[PDB]
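Q: please work out how this folds:
(chains A, B, C, D and E, ligands or ions: 2)
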Amino acid sequence: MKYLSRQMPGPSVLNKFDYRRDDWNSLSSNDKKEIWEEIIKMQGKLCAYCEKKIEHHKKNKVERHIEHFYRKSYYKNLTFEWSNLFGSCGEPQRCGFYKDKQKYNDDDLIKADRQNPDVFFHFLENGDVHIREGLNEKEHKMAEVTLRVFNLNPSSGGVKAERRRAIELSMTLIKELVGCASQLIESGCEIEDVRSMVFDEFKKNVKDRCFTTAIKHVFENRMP
Amino acid sequence: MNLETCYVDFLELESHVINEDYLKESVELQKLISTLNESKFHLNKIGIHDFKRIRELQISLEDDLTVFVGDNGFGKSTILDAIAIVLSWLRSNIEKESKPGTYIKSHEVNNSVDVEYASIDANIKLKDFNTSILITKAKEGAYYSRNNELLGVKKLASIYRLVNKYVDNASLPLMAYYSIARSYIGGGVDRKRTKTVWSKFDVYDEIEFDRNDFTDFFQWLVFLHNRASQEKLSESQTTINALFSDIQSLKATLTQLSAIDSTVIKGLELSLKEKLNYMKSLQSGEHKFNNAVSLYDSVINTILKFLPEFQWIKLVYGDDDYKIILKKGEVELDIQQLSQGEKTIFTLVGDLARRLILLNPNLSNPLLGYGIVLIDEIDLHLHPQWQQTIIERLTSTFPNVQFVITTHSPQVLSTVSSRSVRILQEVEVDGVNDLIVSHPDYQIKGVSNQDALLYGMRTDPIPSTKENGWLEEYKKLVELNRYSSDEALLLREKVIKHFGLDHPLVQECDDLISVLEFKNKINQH
Amino acid sequence: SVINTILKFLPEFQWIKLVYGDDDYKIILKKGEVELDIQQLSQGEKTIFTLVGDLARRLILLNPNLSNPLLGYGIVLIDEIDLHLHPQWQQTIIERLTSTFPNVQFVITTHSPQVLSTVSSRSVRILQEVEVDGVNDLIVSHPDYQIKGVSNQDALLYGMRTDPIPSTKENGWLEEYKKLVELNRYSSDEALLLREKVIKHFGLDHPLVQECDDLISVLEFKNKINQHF
Amino acid sequence: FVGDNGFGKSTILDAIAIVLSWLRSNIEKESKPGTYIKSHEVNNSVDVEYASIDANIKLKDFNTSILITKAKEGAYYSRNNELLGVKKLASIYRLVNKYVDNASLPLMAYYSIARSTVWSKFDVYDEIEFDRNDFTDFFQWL
DNA sequence: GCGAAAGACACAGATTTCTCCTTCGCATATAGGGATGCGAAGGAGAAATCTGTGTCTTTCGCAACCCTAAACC
Ligand SMILES: Nc1ncnc2c1ncn2[C@@H]1O[C@H](COP(=O)(O)OP(=O)(O)OP(=O)(O)O)[C@@H](O)[C@H]1O
Ligand SMILES: [Zn+2]
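A: Residues are numbered from 1 along each chain as shown, chains lettered A, B, ... in the order given. Ligands and ions are numbered 1, 2, ... in the order given. Sure, structure below:
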């Protein structure tokens, strides 16, 4: 995951509803379309948790649904709160559809809006996740439990197969760019001059791609 | 012009006029035939409720090809059974009015305590003509009873009966079903144990392919060959005159026997009917005949199209019997000396071509009729080379038939469009197993079989042996900059000992080590 | 002994038992926390069930004296082991067969490339056909690489020497386009219309298309930086 | 073994089945005929005269060999078969099993394709051919 | 009086299984030879169970009804 930059609130039709109404099912189709328009604008076209593509370049449409960060039954005070809304894929073995059937302490969950996830996780070339060292016991507890509840670190198959395929498909660009950088440092130039330019070009070419964070992390390590 | 409006117009015009020839040359009949010919028969939707192990399911069928992919305990076979039940009713009504079909037996209902009845709903589309059929059965001792609804089926079958009644060369739809037991049928060797006239109602006896059709196929081939011999003999009208004289003599003998032997009389009547049918066939021969030699070459060439390694097929008469001779390379073989794959691909195509040829006696090329075919386990006894070419040949030889197929291999799946793939998964929703249907995310036509395995079936294309565990641990060590370690050397010795130093896989990790080491040198300095 | 042998072969289950109910009787298997019936199994599981059952029955009846009867000696021949098996089943059958009975000799024939990826290159023979002195005869060869742990298509291309990628007409435009991109030519109208066909059949976001478009950016940046200094 | 269709993959298995049939027959009883070669199984080439199969079984350091043959039609084959070696193994097994009870015997099985006493005490049979997809019979046996 | 949709009633015929009929081969209680008696495979041809066709049976919520109380048909 990445750090989601929440914008100024735009709930619109959500303001019309109140606590007395409750009845999440009573939301109209136009209200859902407006909410999806905002979510798409803020979130891009990728899932919040697994970063799998959720919308094609518009017959069949990818399954998607709205998720609440906190459970509705326990935290009904946030049923219509704007900060509790998220977009999730329809995969029946991970993300929202998997969070429901699990027992966990909410107070020990990572929220993409509050804290930057890059301080905990560190992906590798073959698609597995490695927890960074030097963290406190509380942080290690959160990092170790969020993957378990989200099923984002399976032994084999699942998300790991797709992450590996994406990385091996994007490996050619990384190899070429690092070759150009190595050639440019074998003649003579300022390190920050070349580094800013390569980083800018690579960042420009990786916008709106599936699993962009894994390729991101796989890029700095190879880079000198 | 709507088909229904023309049908009712002909119905109301039929009552007034009693002369048959006026009807046989009326403009209404011509319009009805013209509109009935250019219409494509095809199923549209299907739904299942509490049938065997399925609780609730709705499926939309493509008009050209559909593939079912996935593994589960209920089994993808049962869905095909449901369709087979529905089509049986359509066939029965064509044979005779209000003939019963196939019912749902009591033991097929779900055994749960909260069920009372099971039902199946289907819809048939024909241009802009829509029909629907519901078939239901209730458990024993139920308070309320349920019955089938057969108005639409009887209405659709009435059109076919009406057209077939006035014109003697009507075309009829084709329905067939090939289960996984055909391997045994394909194993039939030798006779291990002759109809004079063949009609389009012969094939309508049964739906599912079984052993006896192979025997009948041999008989049909023999007959087809003998008729072509007459064409080679250049038989004149004298043969027809001799046949007529023999028919008259048989009639005289039957009349004499009728006076002062029920089986003998019945046999004489059957022989006279066969002679009359032969005389009518001879009369139809003057009307451009049918070029039986062309039919023989059409079936031979169609069989040879699927077996490119063979030279010719022939029928050889010896020892007072006919045997099939296969020429492969520079050798002659009998059909019992072939492999299993060639036997199965021989029988499937032979049966399909026989049914299509018999069902459309009017068309110039009878391989362009309409129908529906269901095939289970398409990839039986086929090596990967043949798996990648069967679909194109199937959809190019018979371009007007709708296929429903289940498969288990990624090689077959990599040659079909992503809009014809349905994936079945089980979800433990609300503490109850369900059945959901999904579609592939990306186009899978033309991609490698690894991607087709990853996307079209959702499975890891790489095993998880112990050596892969060593590989993953070593890759983690090198990728973590900590490659200079005694444990790393210990793992590396095992890796080289197993895979080998020249392996392409090891080269990539070595390159990674070199570039990382360089980066370290530059950063330190 | 038979039940324990079957349980050892399949460790994903907990127990198997026969239960006589109030009005019927059935065989119950427990996996995880779910109870299943013998009739809910697929065709592949039934095939494995009867194969292992018969093998265990014969081994027990042939060694009445050994403490562990699964340590006998013999030879077993299997033809087309991959019949009626899902691809996820094909990737684990060999290890279980060679680990449950470790003192038996196996001779197996197969068709699927997924099975090949789990077999060491020491024990694989490939049958070909060549003509020598005007006479056509079969020959036996061996693979040139180690095919234990390789992917699906690597095993298909090496262990069987076929083409992993089909020869569809749609792939022709992709091959022609990529070749045209090699000898720098991505400005001709012919390339534009071929790109139109390719982009129409696959789509903007297809990974293959993105990888193809990546090369263009690499060249453009290459000449950019080269001209900068 | 890996190959395409019509490349003799099944021929090897049938050859080994014929080789093991005679050993099993001699094991059950001395001087008992095994299974023969069908006439249609001989090569169809013009210059062929006879067909033969040879085998070698190694037990630690002991070795044995067997050859079986058949002639097409009126030709001069390699005289007759050679079963001298197999009868020594059969005699060894018979002698060992005659004196000491509850001994051990080798296992020979062949799971073919569709095509188409302790064993007698419970239900089982002594045949070399067994077929899969017969789950009903195993269920009733269980 | 009787829509649509499933069963009962009557009449054929078909087929796999089995049970009776050769044929010669053997055998074993009487020093080899011959004989009364039984066992082994083909080869029938009989029979029970199943399946298929054509004529009835049943009784609809069946365009078109009045509006105050009780009983009957
Ligand atoms: N009498 C014969 N003379 C010559 N060739 C023969 C004869 N009988 C069979 N063959 C050859 O045998 C080949 C098939 O052999 P085989 O049954 O071993 O094939 P396979 O594909 O390995 O088998 P399977 O599918 O059973 O595993 C045919 O292609 C044919 O040429
Ligand atoms: Zn997701």
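Q: and the residue of the stretch 101-250 of chain B found nearest chain C, which helix or strand is it part of?
A: Among the residues of the stretch 101-250 of chain B, residue B:180 lies closest to chain C, at 8.2 Å counting by CB to the nearest CB. Using the backbone N, CA and C atoms, a C-beta is placed for each residue, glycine as well. Secondary structure assignment for residue B:180, by DSSP states H and E: no helix or strand.
Q: so residue B:83 touches residue B:47, yeah?
A: No: using CB atoms under 8 Å, residue B:83 is not in contact with residue B:47, being 11.5 Å away.
Q: give me the more crowded residue out of the two.
A: Ranked by neighbour count (other CB atoms under 10 Å in any protein chain shown), residue B:83 and residue B:47 place residue B:83 first, with 20 against 17.
Q: is the helix or strand hosting the more buried one anywhere near DNA strand E?
A: Element membership for residue B:83, per DSSP H and E: helix B:77-95. No: legend: contact between helix B:77-95 and DNA strand E by CB under 7 Å from any atom of the strand is lacking; minimum distance shown is 7.8 Å.
Q: shared neighbours of residue B:83 and residue B:47, anything?
A: residue B:122 (CB atoms under 8 Å, 6 or more residues apart in numbering or on different chains).
Q: quick check: the residue of chain A most remote from its centre vs residue A:177, distance?
A: In chain A, residue A:187 marks the outermost C-alpha relative to the chain mean, sitting 39.5 Å out by CA atoms, centre = their mean. Here the criterion is CB to CB, to the nearest Å. By it, residue A:187 lies 17 Å from residue A:177.
Q: please apply the same query to residue B:46.
A: Counting by CB to CB, the gap from residue B:46 to residue A:177 is 53 Å.
Q: name the SS class of residue 216, please.
A: By default, I'm working from chain A. helix (DSSP: H, G, I helix; E, B strand; the rest coil).
Q: oops, chain B please
A: When classified by three-state DSSP, residue B:216 comes out as helix.
Q: where does residue B:323 fall, phi/psi-wise?
A: Here is the backbone geometry of residue B:323 (degrees, to the nearest 10): phi -130, psi 150.
Q: contacts only, for it.
A: The contact partners of residue B:323, taken as CB under 8 Å, 6+ apart, are B:315-317, B:334.
Q: may I have the beta-bridge partners of it?
A: residue B:316 (DSSP bridges).
Q: nearest residue to residue C:131 in space, please, no chain neighbours.
A: Excluding its sequence neighbours, the residue lying closest to residue C:131 (CB to CB, 6 or more residues apart in numbering or on different chains) is residue C:137, at 7.6 Å.
Q: quick one: secondary structure of the one you found?
A: Going by three-state DSSP: residue C:137 is strand.
Q: pull the contacting residues for it.
A: Residues counted as contacts of residue C:137 (CB under 8 Å, 6+ apart) are C:129-131.
Q: do the same with residue A:149
A: Each residue near residue A:149 by CB under 8 Å, 6+ apart is listed here: A:98-99, A:102, A:104, A:109.
Q: now, which of these sits nearest DNA strand E?
A: Closest approach between the contacts of residue A:149 and DNA strand E, by CB to the nearest atom of the strand: residue A:98, at 45.1 Å.
Q: neighbours of that closest one, how many?
A: 17.
Q: which parts of chain C are helices?
A: Ranges of helices in chain C, per DSSP state H, are C:2-9, C:43-62, C:87-90, C:93-100, C:113-116, C:152-159, C:169-182, C:189-201, C:207-228.
Q: next, the angle from the first one to helix C:43-62.
A: Relative orientation of helix C:2-9 versus helix C:43-62 (axes from the mean of the first three to the mean of the last three CA atoms, to 10 degrees): 130 degrees.
Q: what about residue B:71, neighbour count?
A: For residue B:71, the neighbour count with other CB under 10 Å is 21.
Q: how near is it to residue B:459?
A: 10 Å.
Q: any residues in contact with both of these two?
A: residue C:88.
Q: please, where are all the helices along the stretch 151-300 of chain B?
A: Along the stretch 151-300 of chain B, the stretches classed as helices by DSSP state H, counting those that start in this stretch are B:151-166, B:182-186, B:212-233, B:237-258, B:262-286, B:292-305.
Q: what's the answer for chain A, then?
A: A:13-16, A:29-43, A:96-99, A:137-150, A:159-169, A:171-185, A:191-205, A:212-222.
Q: let me have those helices in TSV, extended by distance to DNA strand E.
A: Below are the helices of chain A laid out as TSV (distance: least, CB to the nearest atom of the strand, whole Å):
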stretch	distance to DNA strand E
helix A:13-16	47
helix A:29-43	39
helix A:96-99	41
helix A:137-150	52
helix A:159-169	50
helix A:171-185	64
helix A:191-205	65
helix A:212-222	59
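Q: for the residue of chain A found nearest ligand 1, what are its contacts?
A: Scanning chain A for proximity to ligand 1 using CB to the nearest ligand atom identifies residue A:157 as nearest, at 32.2 Å. Residues counted as contacts of residue A:157 (CB under 8 Å, 6+ apart) are B:458-460.
Q: ok, residue C:171 next?
A: B:446, C:165.
Q: near ligand 1, which residues of the stretch 301-450 of chain B are found?
A: Neighbours of ligand 1 within the stretch 301-450 of chain B, by CB under 6 Å from any ligand atom: B:328, B:331, B:337, B:339-341.
Q: just the buried subset of those residues, please.
A: Listed as buried from those are B:328, B:339-341; burial here means 16 or more other CB atoms under 10 Å in any protein chain shown.
Q: among the residues you listed, which one sits closest to chain C?
A: Nearest to chain C among those, with distances taken as CB to the nearest CB, is residue B:340, at 8.8 Å.
Q: and that closest one, what does it touch?
A: Contact analysis of residue B:340 by CB under 8 Å, 6+ apart lists B:183, B:186-187, B:381, D:113-114.
Q: so which bits of chain A are right by chain B?
A: A:53, A:60, A:62-63, A:92, A:124-126, A:128, A:130, A:155-157, A:161-162, A:165, A:178, A:182, A:185, A:221-224 (CB under 8 Å from any CB of the partner chain).
Q: let's see that with 7 Å instead.
A: Residues of chain A lying close to chain B (CB under 7 Å from any CB of the partner chain) are A:60, A:92, A:124-126, A:156-157, A:161, A:165, A:178, A:185, A:222, A:224.
Q: just the buried residues out of these, in ChimeraX syntax.
A: Restricted to buried positions by 16+ other CB under 10 Å, the ChimeraX selection for the residues of chain A next to chain B reads:
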select /A:92,124,125,126,157,161,165,178,222,224
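Q: quick check: the farthest pair among the contacts of residue B:323?
A: By the measure CB to CB, B:317 and B:334 form the most distant pair in the contacts of residue B:323, at 14.2 Å.
Q: okay, these two: which has more neighbours?
A: residue B:334 (15 against 10).
Q: the more buried one: what's it in contact with?
A: B:323-324 (CB atoms under 7 Å, 6 or more residues apart in numbering or on different chains).
Q: ok, what's across the strand from it?
A: residue B:325.
Q: could you give the number of residues near the residue in chain A positioned nearest to DNA strand E?
A: DNA strand E sits closest to residue A:59 of chain A, with a gap of 35.0 Å, by CB to the nearest atom of the strand. Residues lying near residue A:59 (other CB under 10 Å) number 4.
Q: cool, and residue C:111?
A: Residue C:111: 24 surrounding residues under other CB under 10 Å.
Q: surely it touches residue C:81?
A: No: Residue C:111 is beyond contact range of residue C:81, at 8.9 Å (criterion: CB atoms under 7 Å).
Q: nearest residue to residue B:300 in space, please, no chain neighbours.
A: Counting by CB to CB, 6+ apart, residue B:300 lies nearest to residue B:313, which is 5.6 Å off, once chain neighbours are set aside.
Q: what's the angle from the helix or strand containing that neighbour to helix B:212-233?
A: Assessed by DSSP H and E, residue B:313 sits inside strand B:310-318. Angle of strand B:310-318 versus helix B:212-233, following the same axes, to 10 degrees, is 80 degrees.
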